Amino acid sequence: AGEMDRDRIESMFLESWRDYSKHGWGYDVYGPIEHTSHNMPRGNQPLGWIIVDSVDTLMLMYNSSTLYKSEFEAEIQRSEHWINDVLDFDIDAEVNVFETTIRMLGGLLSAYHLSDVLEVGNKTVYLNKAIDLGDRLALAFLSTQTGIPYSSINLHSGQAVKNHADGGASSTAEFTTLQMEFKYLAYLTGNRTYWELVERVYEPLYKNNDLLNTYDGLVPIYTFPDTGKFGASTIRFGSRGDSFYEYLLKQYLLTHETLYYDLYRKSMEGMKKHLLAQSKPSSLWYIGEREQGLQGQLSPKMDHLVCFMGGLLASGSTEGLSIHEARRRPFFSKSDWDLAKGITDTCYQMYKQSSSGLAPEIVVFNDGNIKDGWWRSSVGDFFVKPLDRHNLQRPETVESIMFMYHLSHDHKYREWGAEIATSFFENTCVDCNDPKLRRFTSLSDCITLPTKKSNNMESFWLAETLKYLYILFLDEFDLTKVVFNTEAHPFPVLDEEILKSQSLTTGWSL
Ligand SMILES: *[C@@H]1O[C@H](CO)[C@@H](O[C@H]2O[C@H](CO)[C@@H](O[C@@H]3O[C@H](CO[C@H]4O[C@H](CO[C@H]5O[C@H](CO)[C@@H](O)[C@H](O)[C@@H]5O)[C@@H](O)[C@H](O[C@H]5O[C@H](CO)[C@@H](O)[C@H](O)[C@@H]5O)[C@@H]4O)[C@@H](O)[C@H](O[C@H]4O[C@H](CO)[C@@H](O)[C@H](O)[C@@H]4O)[C@@H]3O)[C@H](O)[C@H]2NC(C)=O)[C@H](O)[C@H]1NC(C)=O
Ligand SMILES: *[C@@H]1O[C@H](CO)[C@@H](O[C@@H]2O[C@H](CO)[C@@H](O[C@@H]3O[C@H](CO[C@H]4O[C@H](CO)[C@@H](O)[C@H](O)[C@@H]4O)[C@@H](O)[C@H](O[C@H]4O[C@H](CO)[C@@H](O)[C@H](O)[C@@H]4O)[C@@H]3O)[C@H](O)[C@H]2NC(C)=O)[C@H](O)[C@H]1NC(C)=O
Ligand SMILES: *[C@@H]1O[C@H](CO)[C@@H](O)[C@H](O)[C@H]1NC(C)=O
Ligand SMILES: OC[C@H]1NC[C@@H](O)[C@@H](O)[C@@H]1O
Ligand SMILES: [Ca+2]
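Add 56 to the 1-based position in the sequence shown for the numbering used here, that's all there is to it.
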């Protein structure tokens, strides 16, 4: 029953939310096991890490809840008042530009959007907060000549600070996963500066590295901000690389700027050419890594983070349309669609073949060359290294499952989603038999049974994992009218004509 699994997912969310609100209200970091909490800034001022990241999930559930609508409404109010009255981003502390942009700036923007379209709360509260934070973060683009920002910035002074390690290089995905957020902010404010600054990073990236010709659109994970040149590093769709590809497509879906689709196409073909492979014995499609350039060997290691590719590929091929209607359009990519189904299956298998039914942080697919103390999956398609056995309540697989279900309408995806939701329920719960004290937490080990719990609840458990599971069981969700930022914060597809009138156009080319 769709509405039933809906009640269940809403219940799981509320159990986590009730516990968080009771013990760690207003804190950035929260541990459900010991009910402990703290803020990230050295000064102990809150960033709204969990509250801001969760507001839009509260709004989505409020909009369709039949059993807890009233509770969700009250929590939105609680969150909104706190965001307006307590949260203050004028903090003398250095924060990571990427994380703060995708979680806080993005969450405030989507809260504004849903508040607007769902007519709940005061959208102005979120927009005003977004403008102020956006201005603090935007200062990061004034540090180098290339326009590529250093990893962190002080929210009060505006002073930028380079990455501590990696020879001072910035992570490629970190400055190429800020575009949806700043462009939507430009759209809402009419302030072109946000748009101009965030689009600026691509030219040096592509030009200075001969990215298309030399790398076939595949990016090493580190880029020096002052030169715009890649640092000797791994090429992977996992951490520090993943969302660079994500936002190439999502910008096109959001603003209709074709250049980014063209760039996206180039990277996808490059990915199929250099990183794609199949495991044994199930022939599951997976995306590997190239630690030593494209000329080196292909590593079968894959971050759970890569699993978002199922949804991305499906979204890019259909542009949000049901396959039924998409299959007849000129822009439909049969290749991308088939691979989307393939990668989503593979990622589902990472749960299905797991002893706990939950996929670990990282897996190593079987390429017939796994010839020590590694754990083998049920079928043997992949292994799990002793140090990668943790599960941080990540959303990437349920993310892709949601897209596949709504675009294909194949009920098999809702079945998969249900199994994973149940595995999270049974294997990450604390006080599992008491709905009054029950809550959910991360795992230090999701391979051993019973699973070993870690005292921490990721904000994305609420912002993404439960959100995508919830949307999966919504009977109607038009993917042609929304584009999710990388933290599952939905933005509306922008009107081309309005963008034109605001002088928001592609300021570079290739
Ligand atoms: C948050 O929740 C809200 C709901 O609470 C949700 O908003 C929408 O949810 C549904 C999305 O699928 C949507 O229902 C679909 O509506 C289709 C369009 O036809 C119907 O809506 C028309 C437009 O409604 C707006 O304008 C109305 C004034 O014109 C206004 O009164 C209304 O409040 C909306 O603002 C409306 O004009 C149509 O009217 C015709 O039909 C009436 C009878 O229903 C008749 O009385 C009228 O004279 C006229 O002939 C019509 O009501 C509809 O095509 C679609 O049908 C499909 O869905 C069924 C589901 O059972 C399937 O069997 C099959 O697929 C079928 O084809 C479906 O009913 C709601 O109307 C929206 N609600 C509101 C109030 O906006 C929102 O999406 C959600 N947000 C999120 C992200 O969670
Ligand atoms: C569209 O959106 C953009 C992006 O956010 C906005 O641009 C920002 O605009 C503000 C204000 O115009 C800029 O901030 C101001 O910068 C001035 C110049 O900075 C130089 O001097 C400081 C020394 O203090 C150096 O640290 C810095 O490196 C530069 O050399 C400052 O002089 C201003 O300071 C004054 O205001 C602050 C406010 O708290 C006071 O504390 C100070 O004492 C002083 O009175 C101020 O900081 C900001 O740089 C712009 N950001 C970017 C990325 O461009 C647009 O304003 C907005 N609307 C428009 C016009 O399109
Ligand atoms: C909405 O919030 C804005 C900013 O806090 C405030 O100025 C406005 O009065 C609020 N609207 C109302 C009256 O609810
Ligand atoms: O796995 C989730 C966590 N890291 C990856 C990000 O893109 C976002 O999904 C969240 O911050
Ligand atoms: Ca993501």
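Note that beta-carbon positions come from the ideal geometry of N, C-alpha and C, so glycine has one too.
Any 3 or more C-beta pairs closer than 8 Å across the segment 454-473 and the segment 505-517 | no
Since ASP146 contacts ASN210 with CB under 8 Å, what's their CB separation in whole angstroms?
-> That pair is no contact at about 11 Å.
Run the proximity test for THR157: is its beta-carbon closer than 6 Å to any non-hydrogen atom belonging to ligand 5?
-> no
Ligand 5 heavy atoms versus the CB of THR478: any closer than 6 Å?
-> no
Whole angstroms is fine: what's the gap from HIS91's alpha carbon to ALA477's?
-> 23 Å
In the DSSP assignment, what residue or residues form a beta bridge with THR279?
-> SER226, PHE286
Skipping 5 residues on each side, what residues in its chain have a beta carbon closer than 8 Å to that of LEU369?
-> The beta carbon of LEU369 is closer than 8 Å to those of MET324, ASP392, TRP393, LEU395, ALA396, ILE399 in its chain, skipping five residues each way along the sequence.
Determine the contact status of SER93 and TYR83, defining contact as a CB-CB distance below 7 Å.
-> yes
Grab the span of the alpha helix (DSSP H) containing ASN269 for me, first residue to last.
-> 267-271
Excluding the five sequence neighbours on either side, which residues of its own chain have a C-beta within less than 7 Å of the C-beta of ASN140, listed in chain order?
-> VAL181
DSSP state of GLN235, grouped into three classes?
-> helix
How big is the Cα-Cα spacing for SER510 and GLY287?
-> 34 Å
Kindly indicate which three-state DSSP category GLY294 falls into: helix, strand or coil?
-> coil
Over the uninterrupted beta strand (DSSP E) stretch that includes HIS94, give me the two end residues.
-> 92-94
Using only alpha-carbon positions, find the residue among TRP430, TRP564, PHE197, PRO88 that is nearest to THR504.
-> Here the closest residue by C-alpha is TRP430.
Could you tell me whether any Cβ in chain B is nearer than 7 Å to the Cβ of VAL420?
-> Although the question refers to chain B, the structure presented lacks it and comprises just one protein chain.
Below 8 Å CB to CB, which residues in the same chain sit around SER500 once its five sequence neighbours on both sides are set aside?
-> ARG445, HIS446, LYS508, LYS509, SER510
Within its chain, find whatever has a CB closer than 7 Å to the CB of residue 653; leave out the 5 residues flanking it on each side and keep chain order.
-> Since the first residue of the chain shown is 57 and the last is 566, residue 653 is not available in this structure.
Using the rule of at least 16 other Cβ atoms within 10 Å of the residue's Cβ for burial, across every protein chain shown, is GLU553 buried or exposed?
-> exposed
Could I get the ranges of all uninterrupted alpha helix (DSSP H) runs contained in the segment 371-419, with 4 residues as the minimum, in chain order?
-> Counting only runs of 4 or more, we get 379-382, 390-408.
Output the distance between the C-alpha atoms of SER199 and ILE89, rounded to the nearest integer angstrom.
-> 41 Å
Looking only at its own chain, which residues have a Cβ that is under 7 Å from the Cβ of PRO548, when we skip the five neighbours before and after it?
-> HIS169, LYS537, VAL538
Near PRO260, which residues of its chain fall below 6 Å by C-beta distance, leaving aside the five closest residues on each side in sequence?
-> Cβ neighbours of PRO260 beyond the five flanking positions: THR202, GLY284.
With 16 other CB atoms within 10 Å as the buried threshold, where does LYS322 fall?
-> buried
Name, in chain order, the residues that DSSP records as bridge partners for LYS556.
-> Beta-bridge annotation (DSSP): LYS556 is not paired with any residue.
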